[PDB]
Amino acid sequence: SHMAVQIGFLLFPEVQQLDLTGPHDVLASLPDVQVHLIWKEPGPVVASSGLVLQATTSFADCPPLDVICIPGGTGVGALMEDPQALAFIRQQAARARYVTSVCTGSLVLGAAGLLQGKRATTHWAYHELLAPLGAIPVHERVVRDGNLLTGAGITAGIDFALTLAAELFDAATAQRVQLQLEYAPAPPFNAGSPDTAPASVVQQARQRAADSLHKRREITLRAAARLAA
């Protein structure tokens, strides 16, 4: 309808698609929501896995949003130094009811200046990069600070989106969606956190991330310097 809650996801090249598609299916289950997939122009955008998604609107044509949500992925490093994307995020965040992210999407909120003095989370492997962007780093899976909600790594988007659903509507509505999703997880292993995974698995995870972390640290301090100037 014309009175729909307006929810926008930034959709960028080399996005981690589950960061977007998990929350999308949760939030699209709510009454009279319109969901936008936003990029520089409408059309196909390829996720890091090769899954092809479709942007529905440009930055220019995007209506004022009630909720803005930034997913993460390999493509965040480019977004953290994209003045056009950062200007769009700051413009929308000025009037949004909620300003939100999943996974390394919070590093883009950081680069836009929106984490200064705010509680935030991100993916466990990149959590050290929050503090240089002025955030108070919190090791919790969904973190609220006023109208800022951030989720931790990839699959945290589902917990994040049910939290946001309760704020937009109420606990009863969020619970109904949880039940419709049959979201009673029973993971076959206990390796979802660096605290519970076998030590061998964490060390491998840390080493495989090392070159990405060193590259993102340099981008992060360039982005921090632009907030300082």
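Counting begins at 1, following the sequence as shown.
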Would you mind comparing 116-124 and 101-109 for me and telling me which has the higher average C-alpha temperature factor in the entry? 116-124
I need to verify one thing: averaged over C-alpha atoms only, is the B-factor higher for 69-77 or for 141-149? 141-149
Per the entry, which of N190, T56, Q178, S48 tops the list for Cα B factor? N190
Looking at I38, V26, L164, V202, which has the biggest Cα B factor in the entry? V202
Compare the C-alpha B factor of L11 with those of the other modelled residues in its chain, then answer lowest, middle or highest third. lowest
Please place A186 in the lowest, middle or highest third of its chain according to the CA B-factor in the PDB entry. highest
B-factor third for the C-alpha atom of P132 within its chain: highest
Looking at the temperature factor on the CA atom of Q17, which third of the chain's modelled residues does it land in? lowest
Ranked against its chain, the third holding the CA B-factor of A87: middle
